[PDB]
Amino acid sequence: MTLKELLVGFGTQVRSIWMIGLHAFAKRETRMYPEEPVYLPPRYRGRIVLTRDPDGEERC
Amino acid sequence: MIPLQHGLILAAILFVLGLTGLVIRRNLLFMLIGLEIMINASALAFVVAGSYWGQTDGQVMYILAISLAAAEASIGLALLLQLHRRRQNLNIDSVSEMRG
Amino acid sequence: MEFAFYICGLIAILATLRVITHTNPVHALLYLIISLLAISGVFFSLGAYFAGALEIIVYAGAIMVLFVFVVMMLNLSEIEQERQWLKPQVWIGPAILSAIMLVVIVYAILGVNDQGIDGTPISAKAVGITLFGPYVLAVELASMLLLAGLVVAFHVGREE
Amino acid sequence: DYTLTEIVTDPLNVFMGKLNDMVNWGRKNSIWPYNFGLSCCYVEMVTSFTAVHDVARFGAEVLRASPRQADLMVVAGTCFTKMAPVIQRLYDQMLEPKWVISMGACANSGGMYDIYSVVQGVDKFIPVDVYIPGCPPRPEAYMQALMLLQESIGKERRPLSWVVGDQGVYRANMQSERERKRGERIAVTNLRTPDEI
Amino acid sequence: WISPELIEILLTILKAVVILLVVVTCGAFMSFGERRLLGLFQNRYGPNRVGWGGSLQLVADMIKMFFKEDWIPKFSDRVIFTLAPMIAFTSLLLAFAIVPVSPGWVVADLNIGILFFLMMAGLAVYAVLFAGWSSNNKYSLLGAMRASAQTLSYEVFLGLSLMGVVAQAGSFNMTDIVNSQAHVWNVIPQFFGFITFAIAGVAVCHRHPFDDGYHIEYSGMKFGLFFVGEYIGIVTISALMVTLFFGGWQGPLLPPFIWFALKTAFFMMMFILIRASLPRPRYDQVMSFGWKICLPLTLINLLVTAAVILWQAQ
Amino acid sequence: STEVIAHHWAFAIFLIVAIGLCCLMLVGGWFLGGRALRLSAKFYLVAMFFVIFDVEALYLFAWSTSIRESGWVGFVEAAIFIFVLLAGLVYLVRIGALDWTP
Ligand SMILES: CCCCCCCCCCCCCCCCCC(=O)OC[C@H](COP(=O)(O)OCCN)OC(=O)CCCCCCCCCCCCCCCCC
Ligand SMILES: CCCCCCCCCCC1=C(C)C(=O)C(OC)=C(OC)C1=O
Ligand SMILES: CCCCCCCCCCCCCCCCCCCC
Ligand SMILES: CCCCCCCCCCCCCCCCCCCC
Ligand code: SF4
């Protein structure tokens, strides 16, 4: 293979190492479940409940 | 204070063991294994002889011996591969067609 | 140094005896590797440090690697179903012949002058000095021999 | 209140109890899941494996392509009729101890696919240790199932050696999470209105 | 029985045992350390819940692999199956057995040194081959022959990459090699030797990016032996290139063992970053790079080194 | 000498303790814990090439430890050796012996 493309490939590998190292110097993106509680938007579709009317009787 | 006689006896024992393995086995692979044993025993005998006289000549002849051993192992294993490719067996008694 | 030499020689003899009498090719190659390690220990006991180093590096690190490669290639097949070499009518004769030759060679060995191998360590520096000194043409024509083996084994061991 | 494989009591010298506790601690703190992708639930599983959730923190990121090295089988996806013998064979290839987590409604019961080509739940043919509802469960639900499995593992009794002692596996009968969380779930009165964010 | 000769014997034996325990514990501790550093490179944490900082994750893994059901395949060769992790552990352990970590702290001050390392590599290829054949699986066998062909293609120039350093030192001994770097470390003159030995050391350890797996039939504690064997190989290769190309224990200010440990730690972290950063080349590309570029580079480097040495000889 | 026999005993103890450690590890793994095709010839070719060039490498290994004691004529001899080695390598590359792809 060509020497020029070998040098280009070596420089590209060095660049990839440099980006991964600088990303090691970055900030963590992990939300620490269960120590950090998961935020859920108010209309999140999880556990189903049956609710009550303002007078206290069941709505169903 | 290690006798030269004992080293030569050990090399001779390994040589005749390799020769016995070369003769009694019909498998070509075991024949090549026996050949490797005999040439390694001869190289060991040269190492013993060189160590008795305090000379590097035994190790030089060992180097030449293992160069030969590597090359003949390569050639013999290529021949074994061709034999297994075109005969589907390694019985060396099967290849006996030319005679008399 | 004496004890190491004798135990390595005994291990090599027993391993070779197991090699020439075994049925499984991979097992036979494994005992052959054990015998090569034992003979390398013999080399190290005699002060031939370079020879033992090459015995593990080349003989027990390249040649038997090639043997193991070829055995895995063959996938070894009318071999264990015969067991013809362990019937006495096959092996008694050659064993008798090898025993006679061993007796003759040992008798010739026992009539030699022995001052004992002192086991003084001979380094690879001295071997390299004499390799490119008194044995220049040995090195060059051994390169040509390796080239011949390379060309022959490439020419034969193809598939087309 | 245990289960021997029969409802028996707790079989647990005091040194054997400490050894069993150490073995259970090492087993629950090192759980190796098997890399098996069936459907969308596997996508949420491997999402939990990534950086924003980091399931590695529990020691459960070594995702094996070989069932021999894996301890945990997460059936995460639909148990199709053609895939069910594959699932059974991969479960059989595993080694003791082995645990099973059904992830998602498909693996739980068949889910929405009550159809001719779907086996209605993976508990029809393999024993399941932890079930996760959801379609798909979110990644932290898979993490919560991992902690449920860890809590179940920490209170089970297994033989220390195959030559000494009782060789039966005693799995604890845990209290159901529904009954445990019924105290805090019913007491909820007001939630945030859906028109906000 | 109190004699100073026996005291020196016990002191040297204790030092060798301490070095062995430290290198095995380092291989295991940075199995865990590879998990943590891959987490660091990938913007996450890794295992940090089992003990303080996750330091007890390794103990839990060790217990789990100990009490996992020991399983040998029924139709497999039992001796070869047991012998493959045996070699994969002990070969690179004995390769580490010649590394000088400090003046006076060396297990074996052999006259062969890197030759002994070459022997250990020539047995590590047997470990891989035996693991492949003993599994009684054709996919594992094909993967093992491919991996062993790769490691032969890079073992063919591992020694020739070391031969520039050997030629400059004029000896095979490792202490002579680290004493020949009293002024300038060997990475500066033997730079091509450095890159070729680094490539060959990564490739013969079967590390990324030089990796139908042959470990699929291995389980229980045999897989743990394979894991710790690869990690001990990483530690051994790092310590060897520290001693051969980066002076070893030589340093201006800090104590020599601290310098050796820092350089080894940097190179092991470089292994982790190499796994995290590069993609996998194709198999034919890997072998063509090994056979067509690196081996002639080692030969030309040896010729240039010999010419430079013989020019400097007055 | 006392130092050389101390180093010999240290190496022996290193080997014995390493063998015992891995053997005891396998024994503890076995003891603890309850219970429940035709390859292509390129493999042979690359292994054969490794064998041949490893023997040539051994010749260069012997040369490299005594370069100063051999002089410039040793450099010329080893240059001829390396040139024959590289001619064989170029020969192998150009005929597709080292090309794994077809
Ligand atoms: C103890 C600590 C050790 C830690 C590790 C340190 C050393 C790491 C060594 C890693 C070695 C990786 C080698 C990869 C070789 C790949 C060769 C190859 O064939 O690459 C393919 C690619 C394209 O080739 P081509 O023939 O054009 O293919 C087109 C066909 N479709 O060809 C190319 O892209 C050409 C370039 C290939 C790679 C050149 C060498 C790169 C080496 C890695 C980067 C090192 C960065 C510095 C490290 C720290 C130094 C202090
Ligand atoms: C026998 C060969 C073993 C190679 C190493 C296997 C163990 C490490 C797995 C690393 C890993 C990979 C590749 C991976 O792809 C992955 O994403 C699903 C992970 O989880 C975060 C991992 O941990
Ligand atoms: C199918 C054909 C098989 C041919 C096998 C040939 C085996 C030859 C074995 C020879 C054994 C000789 C035993 C010793 C003879 C007496 C001593 C030598 C002569 C003085
Ligand atoms: C990855 C590193 C592996 C190292 C294995 C060997 C460890 C040997 C430890 C020796 C410690 C003492 C060294 C001499 C004293 C100088 C340093 C004193 C402060 C530690
Ligand atoms: S439960 Fe839902 S998300 Fe999971 S596999 Fe079934 S369809 Fe996909």
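Counting starts at 1 for both ligands and their atoms, following the listed order. What you see below is based on every heavy atom in this structure, not just the backbone, and it leaves out hydrogens, waters and symmetry mates. Naming: A, B, ... by sequence-line order, numbering from 1 per chain.
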Q: Among all protein heavy atoms, pick the one closest to atom 44 (C) of ligand 1 and tell me residue, atom and distance.
A: A/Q13 CB, 3.9 Å

Q: Among all protein heavy atoms, pick out the one at the shortest distance from atom 49 (C) of ligand 1; state its residue, atom name and that distance to 0.1 Å.
A: E/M270 CE, 4.3 Å

Q | Any side-chain donor near an acceptor of the partner, E/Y218 and D/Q69, under 3.5 Å | A | no

Q.
If the contact criterion is a heavy-atom separation under 4.0 Å, does D/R64 count as touching ligand 2?
A. yes

Q) How close does the nearest protein non-hydrogen atom get to atom 11 (C) of ligand 3, and which residue and atom is it? A) C/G93 C, 3.9 Å

Q.
Tell me the protein heavy atom at minimum distance from atom 18 (C) of ligand 2, and give that distance in Å.
A. D/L63 CD2, 3.7 Å

**Q.** Per-atom contacts, ligand 2 versus E/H215 - under 4.0 Å to a heavy atom
**A.** 1 (C)

Q: If you have a sec, work out which protein heavy atom is nearest atom 11 (C) of ligand 1 and how many Å separate them, to one decimal?
A: E/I199 CG1, 3.7 Å

Q: Could you check atom 8 (C) of ligand 1 against the protein and tell me its nearest heavy-atom contact, residue, atom and distance included?
A: E/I274 CD1, 3.7 Å

Q: Within a distance under 4.0 Å of any heavy atom of E/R275, pick out the atoms of ligand 2 and give their elements.
A: 5 (C)

Q | Heavy-atom nearest neighbour of atom 32 (O) of ligand 1 within options E/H208, A/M1, A/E5 | A | A/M1

Q. With atoms numbered from 1 as shown, which atoms in ligand 2 lie under 4.0 angstrom from a non-hydrogen atom of D/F49?
A. 20 (O), 21 (C)

Q. If you measure from atom 5 (C) of ligand 1 to every heavy atom of E/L278, E/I237, E/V202, which option wins on shortest distance?
A. E/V202

Q. In terms of residue, atom name and distance, what is the protein heavy atom nearest to atom 34 (O) of ligand 1?
A. A/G9 CA, 3.7 Å

Q) F/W100 and E/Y283: aromatic ring centres closer than 6.0 Å? A) yes

Q: Return yes when at least one protein heavy atom is under 4.0 Å from atom 29 (C) of ligand 1, and no when none is.
A: no

Q. Between E/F194 and ligand 1, which part of the residue brings a heavy atom under 4.0 Å of the ligand: side chain, backbone, both or neither?
A. side chain

Q: Return yes when at least one protein heavy atom is under 4.0 Å from atom 38 (C) of ligand 1, and no when none is.
A: no

(Q) Between E/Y231 and E/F29, is the ring centroid distance below 6.0 Å? (A) no

Q) Does at least one non-hydrogen atom of B/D93 fall below 4.0 angstrom from an atom of ligand 3? A) no

Q: Just need the protein heavy atom nearest to atom 2 (C) of ligand 1, so name the residue and atom and give the distance.
A: E/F267 O, 3.2 Å

**Q.** Between E/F157 and E/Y154, ring centroids under 6.0 Å
**A.** yes

Q: Around atom 15 (C) of ligand 1, find the nearest protein heavy atom and jot down its residue, atom name and distance.
A: E/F289 CD2, 3.8 Å

Q. Are side-chain N/O atoms of E/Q57 and D/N29 paired as donor and acceptor at under 3.5 Å?
A. no

(Q) Testing E/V228, E/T236, E/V23 one by one against E/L93 for a side chain to side chain contact (heavy atoms under 4.5 Å, CB included), which residue passes? (A) E/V23

(Q) For atom 1 (C) of ligand 1, what is the closest protein heavy atom, and at what distance to 0.1 Å? (A) E/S238 OG, 3.3 Å

Q. When the aromatic ring centroids of E/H215 and E/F226 are compared, is their separation below 6.0 Å?
A. yes

**Q.** Side chains of E/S219 and E/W71, donor plus acceptor under 3.5 Å
**A.** no

Q: Indicate whether atom 21 (C) of ligand 1 is within a distance of less than 4.0 angstrom of some protein heavy atom.
A: yes

Q: Check ligand 3 against C/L97 and write out every atom of the ligand that is under 4.0 Å from a heavy-atom position of the residue.
A: 18 (C)

**Q.** E/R35/D/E61 salt bridge by N-O under 4.0 Å criterion
**A.** yes

Q.
Quick one, E/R146 with E/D212, criterion salt bridge (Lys or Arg N to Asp or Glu O under 4.0 Å). Give me CA distance, side-chain angles, the key distance, then yes/no.
A. CA-CA 10 Å; E/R146 284 153 92 51; E/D212 298 335; 5.8 Å; no

Q: Please indicate whether any nitrogen or oxygen in D/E61 is less than 3.5 Å from any nitrogen or oxygen in ligand 2.
A: yes

